[PDB]
Ligand code: CLA
Ligand code: CLA
Ligand code: CLA
Ligand code: CLA
Ligand code: CLA
Ligand SMILES: CCCCCCCCCCCCCCCC(=O)OC[C@H](COP(=O)(O)OC[C@@H](O)CO)OC(=O)CCCCCCCCCCCCCCC
Ligand SMILES: CC(=C/C=C/C=C(C)/C=C/C=C(C)/C=C/[C@@]12O[C@]1(C)C[C@@H](O)CC2(C)C)/C=C/C=C(C)/C=C/[C@@]12O[C@]1(C)C[C@@H](O)CC2(C)C
Ligand code: SF4
């Protein structure tokens, strides 16, 4: 059933979750289906594309002389998992920032969900004049618009398909990387860049086998 | 193999809540008699009778089972919560031997505060006998905050389980194909559930429970204990307790597993401090159990062209004497739920019986063997649960023969050949019961008659015509002398019941060798009498459910019917339902003596306070001499041990004195239903309806006496409840007031 | 055709939009029947109007206490004012219960039967004391002619409800950030304005 | 909601509300006024 029309189709579905036989009826139903799984693949990718860039950027810039070493700290010692460590000097405590996080996000996320349940629904109601930017598209993962694609890149359809899968190939790689950051940290107890600096120095001596 | 689901089959609304009886065609009309009410609550969960579709029956079952889990999880969370806020766990943890548990404090209205007894620990409440305190200590739990969080987790998971039952029925319900993928269930339920679940517990045992219980047994105060997360983060702390942790998973991947001998052990026996199993041994057990179930889960074929297929296995084990054997069973078990329910209940009930034996001799939790009320309550509980479950197999197997039996699939099969020599089964089994009841119970009457006549030399006893169980005695020594020869690496034996020395804890013995004699011979043979008979009643009902010589057409009458009629001299209680109704009385007579065997034996020969000069048992070791006579069971067990219950008025055990009486009322009350019949009562109601009619106050729903099968069910229910609740009061009051 | 509590959600069938402060918010399907809907709109307004009347009393005193005036906290005010009063407790309660039973009962029978209290029995009053709508009387409770215009009456109904929902949320606030801080509401305000980043609900020592 | 109120009007649900009333009434009448036997 994998025709290959999709961007990131390379014929790898051993367990057959994307088949159209499952969820035969019509309705909302369950989450295992082509409409939701295709959507969550890029969402896990985009969030991971941001995370893997940010988990290693302060450490690299810290080894370099640009950023102060006080701020340059391992991604797991910056406030998450306070047993690991906690940055004392922010402009506010973590829990105050979490309420900022929960609020400003839960607008963004639930507004996106209603567009999945009811396309174009968020433009119809008044939202401080920002309604023109949320018109959406046929595919919810790639809405586009005056903001999300403010610089219209793929005016041609063929160029979009090339970009639509470069978003995935560069993205599915990042998901693996973050899985490496978590596993590296537990065993090594050090940042991801310092672990690289060791394998380049003593590869045979610094390794998972060790 | 693949996933298959049907979206939004059923709309969710309260429309059918207002219309009771919608599931059945007969009940959807409405009530004109009061019999409609009893049939409603009865036929509610008989999904096979509602509709012929096997798919809908599967959707209903898979979603109802989610309900029992949610019902369990709020019950389980209640114990954790009630143990956190209304208990003395922190006090008992610091002085377990002297302080008694309690988690059910009572409110102060009329009387009812005296039940809050002086338990100890600056606390007063009801004394529990469920063994939660020893369970929470076997795992690392020092504070009440851990119990609160554990309770909130259960409510969260329980709502998810309830949510799933709605989702996987009302919104997105699987298809019949998804259910018939049987080979994937065993693969997932062996490896995933039993395999990883045991492996995970070893993670909790290894990383948390072992160090915490090591410090607690070394006299350290609970508040000074490092919290269990500290052992995870700090490799240095736990290394001080078990130095093997310093190496850090290099021994595992290099296959040098001897380094882990510090905390993975084969000690055997019991802990001298706690009177419980070595916690290091259990982590090794559940670890090896995981590797065993993991390989078992990679057996079948599911999708990747490797593995076995259950159908080819079954239809390949054939024999001459059997003919066509095991052939048409894969079609049975994949099509009828009742067949599986019969098999599973049989081995889920016989397992709880195995749990009851294998805990009392091998106390896994600390400070359990010294809590005699707890050790006696878990045995009695998990045995009764086994008897009910086993009897359910005889009921839920006869339903298969009546409803889901197609003779076309079964020709010269194992199931067909069993029916064709059924009269040989019941006949040969009838002789055994008579042989045993004579040679077993007749021996008791012989001892009674000899004693009353003044001929005690002629009784069956130790000072007498001894009948000693030589085979069990040989097995006790073999398992006792095993560490020398058959299990060299074993430091000691599995339990001290086989042989050895006493293990004393808090001045009380946890376990000591049990000696078998002439009395233990008679009792172990009395149990076989009650068992071979209980099988006769159920097995007869199964084979003769579909047809008999008296009634060649029972299957058309159905599973439960009272009688065909007065003809043929009488056809009352001929159905398979009425065989189950009789088997329950024999299950009761069986386990009631298995339980009396456990109480008098362990009080007299095992339990007691250890002094400088030996042990002083509770009943002075009178099981050997008195048990041979039935009057001994009446004098030394019933009349004697009932002193604590009867004298409970004016103390915290007063509730047991009342339940002891109320249990007798409900028992005798059942006799009205068993002895009598519907006919007398329906006429009496007519003379009562006249007065209610004379005053123009009469129900439009006509009053009708209970059906025949209902009067029989109502009897055995109030019967068993009164018979079982009496022991529940006679035991806990006897044992809580120790001796 | 109008805003909603969650954009894109289909509003219920029974909430047409004529009622004041209607945003299609009733997931429990309450007020689905006409008679219950006729009861709840009157319950919402009294729970509102009592909130406004009460919360203003708390701000007035808590401000007068912070300025210097002799006013106590809104909590533990009935305990310190009864210690030194000539009116015992019990004579003050059943002066309130007895006097409200008159009003609260007359309001009930206008609900069950509109225009019923304007018969002229009570002191010869007929044109007043008959309801204009369910929870919106007039004549005597509207001395200023601020309701004899449907254009300016329909939006005023929207302001009565919007400043009301907000008001009875605030009363839940006073309960909550009193139990945490055990201080007045105004004192909690000046602290947040003084050091907004540091003094929040996270740093009160509670709710964590 | 019309069907929910109808379910609440069934026999056992109405009986539950009755039982809490009669039982809670008798208990609170024994919580206060403890141990009555003679009626003044
Ligand atoms: C509020 C949500 C909701 C609603 C409106 C419905 C509505 C409906 N369900 Mg559904 N269902 C729900 C939640 C819901 N369900 C959940 C959460 C589950 C998972 C358990 C199911 C599982 C389910 C199944 C499996 C079936 C239905 C069916 C039905 C229909 C018949 C309802 C009926 O007979 O009422 C019954 C009304 C009750 C109040 C039942 C209460 C039962 C509780 C759980 C027992 C409590 C135990 C008690 C406390 C123990 C003490 C007793 C003591 C003696 C031991 C109806 C369309 C049936 C159907 O399709 O119609 C043919 C059907 O077969 N539902
Ligand atoms: C590793 C996978 C896995 C696991 C762990 C389970 C586990 C379970 N299955 Mg199961 N099942 C599986 C795969 C699995 N199944 C597959 C592949 C199929 C189809 C071939 C089925 C079909 C199936 C049926 C038809 C039934 C079960 C049932 C059960 C439950 C038995 C209750 C019990 O013994 O108490 C143990 C109880 C617990 C340990 C409590 C934990 C409960 C949580 C919610 C379950 C978490 C595991 C869940 C399956 C993960 C996926 C859910 C996710 C998609 C949301 C148990 C939770 C029965 C059931 O649903 O009863 C409710 C039942 O009737 N299973
Ligand atoms: C996994 C366990 C299990 C399951 C799922 C079922 C399921 C079923 N059984 Mg079965 N059964 C079981 C175990 C089980 N049974 C066991 C262990 C036995 C042996 C005792 C039986 C004996 C049995 C018989 C003899 C019959 C069934 C029947 C049925 C069906 C109808 C259910 C019904 O009427 O209940 C609806 C619910 C009730 C009737 C309420 C039960 C109330 C009980 C009796 C009172 C409990 C008292 C309480 C614990 C203590 C007193 C306190 C009180 C004040 C609250 C259904 C398919 C009947 C049938 O027609 O099968 C097709 C039938 O005739 N079963
Ligand atoms: C104390 C009461 C009592 C007694 C003694 C019996 C006895 C018996 N029941 Mg039984 N039963 C009872 C109550 C009792 N029942 C009740 C209340 C129920 C209702 C649930 C049942 C339901 C029931 C069923 C459903 C079944 C039995 C069966 C049996 C027989 C098993 C065979 C056996 O071991 O006999 C051997 C003999 C004895 C146990 C007698 C003991 C006393 C001694 C040995 C006799 C001494 C004789 C003496 C020397 C001769 C004197 C002669 C004189 C005239 C001079 C046996 C006759 C089973 C049966 O008949 O099939 C095999 C069977 O299937 N019973
Ligand atoms: C959740 C499990 C459950 C349980 C335990 C019961 C139990 C009962 N139901 Mg039932 N029922 C259930 C689920 C359940 N039902 C479901 C899911 C439905 C579908 C909506 C029904 C629908 C239903 C109907 C339609 C009727 C019952 C009736 C009854 C009662 C039988 C009549 C009787 O003996 O009193 C005989 C009573 C008298 C002769 C005189 C009146 C005095 C009574 C005893 C006082 C009130 C008792 C009170 C309800 C007890 C509290 C509830 C209790 C379970 C804790 C009995 C109490 C019948 C009834 O009238 O209930 C009272 C009845 O007509 N049930
Ligand atoms: C627990 C001890 C109980 C033992 C006494 C019980 C005797 C009652 C049974 C008599 C039925 C005889 C007719 C057989 C029925 C028969 O004809 O079937 C034929 C069957 C041989 O089958 P085939 O090889 O032809 O085919 C098998 C295939 O059909 C596979 O399905 O015979 C046996 O299996 C012998 C069974 C002996 C059964 C006695 C032992 C049962 C207990 C097992 C433990 C015994 C050893 C104990 C010592 C430690
Ligand atoms: C690998 C992965 C990662 C998720 C990846 C998604 C991720 C990791 C989320 C990333 C977000 C991040 C990292 C942000 C973090 C931070 O905010 C904090 C928390 C902490 C701060 O210190 C720093 C910052 C950065 C601020 C995805 C795994 C799924 C796999 C492999 C499945 C493979 C298959 O084989 C199967 C099973 C089944 C087949 O039918 C289908 C496929 C698909 C073929
Ligand atoms: S009702 Fe009584 S007499 Fe008639 S067939 Fe049934 S058991 Fe026999």
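Using ideal geometry, Cβ is built from the backbone for each residue, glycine included, and neighbour counts are taken over all protein chains shown. Just so it is clear, none of the values below were taken in a lab; they were calculated from the coordinates.
Modelled spin labels at residue B:37 and residue B:466, positioned 7 Å past Cα toward Cβ, are 6.5 nm from each other.
If you plug the beta carbon distance of residue B:239 and residue B:160 into 1/(1 + (r/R0)^6) with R0 = 45 Å, you get a FRET efficiency near 0.70. Which of rounded, prolate or oblate describes chain B when judged by the alpha-carbon gyration tensor and an a/c cut-off of 1.5? Because its axes are fairly even, with a/c under 1.5, chain B counts as rounded. Relative contact order for chain B: 12 percent, from Cα pairs under 8 Å spaced at least 6 residues apart, divided by residue count. Compute log10 of I(q)/I(0) for the protein assembly as shown with the Debye formula, placing one identical point scatterer on every Cα and leaving out solvent, at q = 0.07, 0.08 Å⁻¹, to two decimals. Values, matching the q order: -1.11, -1.43. Please list, in order, the residues from the range A:98-138 whose amide nitrogen is less than 15 Å from a point placed 7 Å along the Cα→Cβ vector of residue A:148. Correct set: A:108-124, A:131-138. When both bridge partners sit in chain B, DSSP labels roughly 85% of those beta bridges antiparallel. Distance between the pseudo-spin-label points of residue B:232 and residue B:661 (7 Å out from Cα toward the beta carbon): 5.5 nm. Alpha carbon centre of the range A:84-142 versus the range C:108-186: separation in Å? Distance between centres, Cα-based: 37 Å.
Averaging Cα coordinates gives a centre for the range A:18-35 and one for the range B:428-500; these two points are 65 Å apart.
Working from Cα pairs under 8 Å separated by at least six residues, relative contact order for chain A is 21 percent. With a simple spin-label model that places each label point 7 Å from the Cα along the Cα-to-Cβ direction, the separation between residue B:457 and residue A:10 comes to 9.7 nm.
Output the 0 to 90 degree angle, nearest 10, between the alpha-carbon long axis of helix C:34-67 and the longest principal axis computed from the alpha carbons of chain C. On a 0 to 90 degree scale, this one is about 30. Angle of helix A:94-117 to the longest C-alpha principal axis of chain A, folded into 0 to 90 degrees and rounded to 10: 30°. The angle separating the long axis of helix C:185-194 from the principal Cα axis of greatest extent in chain C is about 60 degrees.
Averaging the sequence gap over all C-alpha pairs within less than 8 Å and six or more residues apart, then dividing by the number of residues, gives the range B:553-643 a relative contact order of 14 percent. Starting from the Cα gyration tensor of chain C, take the square roots of the eigenvalues, sort them a ≥ b ≥ c, and report rounded, prolate or oblate (rounded when a/c is under 1.5, otherwise prolate if a/b is larger than b/c, else oblate). Cα axes put chain C in the oblate bin.
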